[PDB]
Structure formats: C-alpha cells, structure tokens
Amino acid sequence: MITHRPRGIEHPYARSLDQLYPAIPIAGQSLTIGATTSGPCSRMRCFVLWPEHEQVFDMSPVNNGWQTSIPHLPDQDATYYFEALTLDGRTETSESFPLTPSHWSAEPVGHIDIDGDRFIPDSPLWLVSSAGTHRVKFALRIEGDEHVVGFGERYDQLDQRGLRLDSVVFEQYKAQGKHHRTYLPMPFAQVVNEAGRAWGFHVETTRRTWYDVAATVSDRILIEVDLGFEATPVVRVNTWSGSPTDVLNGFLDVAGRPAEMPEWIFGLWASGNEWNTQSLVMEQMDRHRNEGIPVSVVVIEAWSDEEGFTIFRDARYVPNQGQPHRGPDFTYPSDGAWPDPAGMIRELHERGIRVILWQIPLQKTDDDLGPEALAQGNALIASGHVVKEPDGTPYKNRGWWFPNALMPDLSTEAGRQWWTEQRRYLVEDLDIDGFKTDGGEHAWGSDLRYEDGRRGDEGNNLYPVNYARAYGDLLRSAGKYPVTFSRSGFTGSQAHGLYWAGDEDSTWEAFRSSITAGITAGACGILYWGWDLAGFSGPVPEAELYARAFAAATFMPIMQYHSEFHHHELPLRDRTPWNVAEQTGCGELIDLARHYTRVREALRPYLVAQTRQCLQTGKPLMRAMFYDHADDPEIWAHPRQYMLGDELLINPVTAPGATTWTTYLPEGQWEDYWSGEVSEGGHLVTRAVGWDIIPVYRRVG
C-alpha cells in the first residue's frame, strides 16, 4: 500500500519521506510532496484536483520513497491522492487528502493580548486558510545598545541578539551548541540596555515558538507562534520592565519558583553508568573515603532489570499482573548483582551519602522482555494512563532509542499516581532519596491525545514538567525532599527539582558551552543546575581538561562527575579522579580532586546561605553579570564569567595551555580567593593559573 502522512514523523528539525513540506502549505511558496510504498513499484503519480481543473505529477524515487514538488503553490483548495504501479502489474490507490493552502493576512483575524511600549501595533500577520488560523507573527522593537538573554538553557552564547532560534523540547545527543538546540527551552527572554534597565516578554503558550532576534531586521525581534492543531484566537504575551531582577521575578510569578532543597545536594555527586552491581558502587564509595574525597550523593543508573526500571537486577519475586510491588515481595540472591540493596542504602546513609536512582518515562514493549515487563505494559495500556495517537491507540515512541515504547500519560493526577505508585516501595521501604528523571522529550505529533484534554501541539513540550512533578509528588508523599535530577523541561520546570546540562563529549568547546548552559538556565529561573564535569562520552578527558573542569564545577550549584555506558569494554571510562589519573598517567589529579573537594566543603555554608537569598530575591545562584552589574557595558565582552551568589566572581580557565588568565572586575573592591590580594574594580586583571587555581574573586564587604 501507499503511505502518506501530511505532517510525517513530526521530528521537530527533520522531514520524513511520506509528508508535505511545509507541513502547513503556503500559497506562493514551493510544496514538496512525498509518499512511500510498502512493496516495490515502477511508477507512482500524484493527482491534484483543484476546483476548475486537474493535474498529474509523475513522481521520482528518492532516498521506498517517492517525491514530486510544485514550484509556486496556487492559493486554491484542492484534493490529492496517489496512484502506484507495482512490479507485478497492480494499480494501488491511496485515500483522498485535503490541501488547504494558507497565506499571511494583516486583518484582525485574532488578537495579541500585550502591554508595554515595544509591541509594533501593525506587525501582526495571521497564517490563514479555509481550514483555520495556524500561526501568528508579530514584532517587538529593540534599541541599538540592547542585549537579549533567555529562551531557557542555551549552549551557543549568552546574548542571543543576531540569532534565529526556537523553543521546542528536543533531545540533541551532544554538540547542543553547534546545532543551536536544547532540552530545556522556554518562550521567554529579558532585554537589557547598557544603562542597566531591562524589559522582558513571555509568550504564554506550551506550543512551539520561533524567534528572529534582530537577525533579519536590525531593530526588530520577530516572534512566530504556533496556534496548533484545532485551528478567532487570543495570544497572551506577558511583559515587565525595571531592573533585570524585576523582570525575572515577573516571569517566576507566572512560571513558578525554585523549591527548597536539603543541604546535602551541595556536596560532590558521584556517578558512572558502568557501576551496575552493589560491589561496583561500594568499591567506589570505599575509594572516595580512602582518598579523602568525600561524596554526598551517589547516582546509580544501571540498577534495575533493564526491562521495567522498577525492580533491582536479579531480585526474585512472585510476578504481578501489573500492580505495584511492596518491599517484602523481593528476595535478593547473595550471588546476584544486588544481594542487599536495603543494606547498601542503610550503610551509605550512615556514611552521609544519599542515593538516587535513574528513571525514564517510557515502558518498553519489544520482542524479548520477560513476563513482568510485558504485564506492566499491558496494565499501563489497560489503565488508560498512556499518551494516545489520534485514533485512541497507544502512542508508540518514534525515536531510534527505546523504539515503539509506550509513554505514560502524566498529565492528570490519577495518571501520575499510577506510574509513581509502582516506584513507591523504593522510597518507602528501601529508603532512597531521589531520582534521576532522565528523558522526557519522546512525544512527537501535534495530534496526540492527553487525559488533561490537551493535544500534542501543547502537551508534548509540557511533558517533562509533568514528569518531574510526578516524581517530586511521590517523594513529598513519602516524607522526603522532592529531589529529582532532570535534563528536559519547559516553563514551569523552575519549581520541580534539579537540572543537569545533558550529554556531551569530553572537549574544551563542550566545557565552554556547558558554562553558557548554566548561566542561561539560571537566567530563566533554573537554580539548581549542574553538568557532567569534563564530559561523560568517549575516552576519558585529558588531564588538563579534567583539572580545569573539576575546578569550575566546584564553583557551580551541582558538582557532579558521570560516565556513559561503554559495554564494559576496555579501557575503563569512569570519570573518577583515580581512573582519569590512571589512564592519563597524571597522578596529581587525585591531589587536585582532594584540594577542590576540600574547597567545596568549606564553601557549603556560603552556598546554603546564598541559596536562601536566591529564593527570597528571585535571583539565580549561577548568575550572569548583568543581574548585579548591568550599568557596566564591558561585562558583555566576558560572557563566561559569572557570579556565584552575591559575593563571588568566577572565571573558569577554558583553554588548553594557559598559565595566566584574565578576568574583568566590575566596580568596587575585589579580593583574591586564594591569596587575599586586593584588586581595584573597573578593569582587567591577570592571574597566574597553576592547576590548583581557578580565578575567583570576592567583593570586599
């Protein structure tokens, strides 16, 4: 048969072979039409039936894909279908499809609800067709000396002026900066002038938005907003003006504010994907203690049966028909991977170490799953708490990873409770302290259905927020702090846990991007941010990168090292200070880790006090220079320096081979953190940078 889906697979940055391009066709522009056949064919034609006449396009094979294209789409409603000739001589015919071309209209088709003096009253254009209103474009005025920071966590640069981007939740495996994508976008930005005054805007939607930040038109920010699948709309844009902090507070009052967290989150976080047994985890905790490099948190990723992510590997039990288990249902074999996980957690707590387990908002369904995982999947479907396709069948994951897995519907309270109740015993009986809520970007399709009533056009970006919220609610209900550790998010994520910068290679450029990611995230209200120090993918980072990264991480909200799965092959890829030292031949790394972890400990009373102030003032912890020094234009030339709370200025050494590093100090007096040497602000200072130094300056109070 012939397959054609006008919107295709709905990958946000890629087209499939069986769709229209653009998906919402526009009169006057080219339209590419694609289709696939299940079997091999010799010919394939596309018939387009306009009101007054017909047209036949003889399609060409592409890479069983077929394609044709119309150079200049006429502004008329039509009908189209495909016809193929199979190799054995059969004529195959598709269903009929509608083609309602849109055009941009300056009529008051809808209303943009917005205040402030930057909105250009005549700029609104509505993309309309006989079928509805699909998107809207409007413009905001920007002045010559203005800088634009926001749109969530960004990996390319601090100031987004001169760039074109969008806000859509997406999984970009590595090189996020190079591709200009992110796991945690937000349709919001603050605009700051060189006199220190600011304004900001928030498009109040969870649908996709695009931004042309004075890239095409030098004095205009062009904003494009998706209006969704059920196409007289009202688009609400919140605005604020005042100091940079007033603008961020305005947004947080609508989005939500960071939650309170326990002190233990500020110690060193240890993690390694290949720690897949109780002995492997404990071997590393024993080495931390033996080397005098204390950890406060251990994250275990490869802890479960790798099928349902609900039960420790090798645990024995009477299987369930998809209902939740309790602590006592499990017997752990002494020769197994986890002989006494309760005992591990108990011993680690006595040593002052908390435990965090990995999760994914997906339920595998494939070929070789055991009866427990298949049952758990069928009970999920049967409960009805699953994201569904338009036809009411369960949504099957369209990504290459976890192919065809189901997605729990975490949009309603009942849905969240059904998924998290399966994990309650981990918190209540085994006593774990939190979860690494990885993923959340798997929902593609504007016509998916959620139990909250929203369709995919709205629910897909909202998904990671609901996901983090679900686990935070579980933890709260079990008497604990809502410590979730996530990578994806959207507006509203501010109120749900902690965040890390995602997956990257062990490179200098990635280190530079990570800094930008943290600062830009802080600027959108993501307070508790961390990253995989020195990168988690590929061969271990060279000694110098590890050293510089470890030092930088020491002066960031969440200090954490992690390593990617590598099939337990040689050589060992853990990002432990000892493994990196072994592999690189640089013994000093262990002393450096000791040195900075000692500094981290001495810094914990400061981090705790500054976090209290951040919650009261609304300011970030990992803080861009403009929050406190916006009346000083020179800050913009040093976008990778940042404040850590009110008192410390941090400037990570991000180049290989540097023996000195230059830092720009704003007005006031500054004190060298390591030597006590006092410098006068308002100029550049050069600091010698042996590996046991990262330029840090404290305001003289």
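Numbers follow the displayed sequence, beginning with 1.
- Missing deposited residues between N63 and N64: 10 or more, all without coordinates in the entry.
- According to the record, the deposited sequence contains 1 to 3 residues between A231 and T232 that were left without coordinates.
- On average the C-alpha atoms of 394-402 have higher B-factors than those of the other stretch, with 617-625 and 394-402 being the two compared.
- A summary of the deposited B-factors shows that, of 447-455 and 270-278, the stretch with the larger mean C-alpha value is 447-455.
- Within the listed group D156, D159, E153, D631, the record reports its top CA B-factor for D631.
- Which of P319, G440, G522, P541 has the largest Cα B-factor in the deposited entry comes down to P319.
- Ranked by C-alpha B-factor against the other modelled residues of its chain, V56 falls in the highest third.
- Annotation for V128: C-alpha temperature factor in the highest third relative to the rest of the modelled chain, per the entry.
- Annotation for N238: CA B-factor lies in the middle third of the chain's modelled residues.
- Compared with the other modelled residues of the chain, the Cα B-factor recorded for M643 ranks in the lowest third.
- Per the deposited record, the Cα B-factor of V109 falls in the highest third when ranked against the other modelled residues of its chain.
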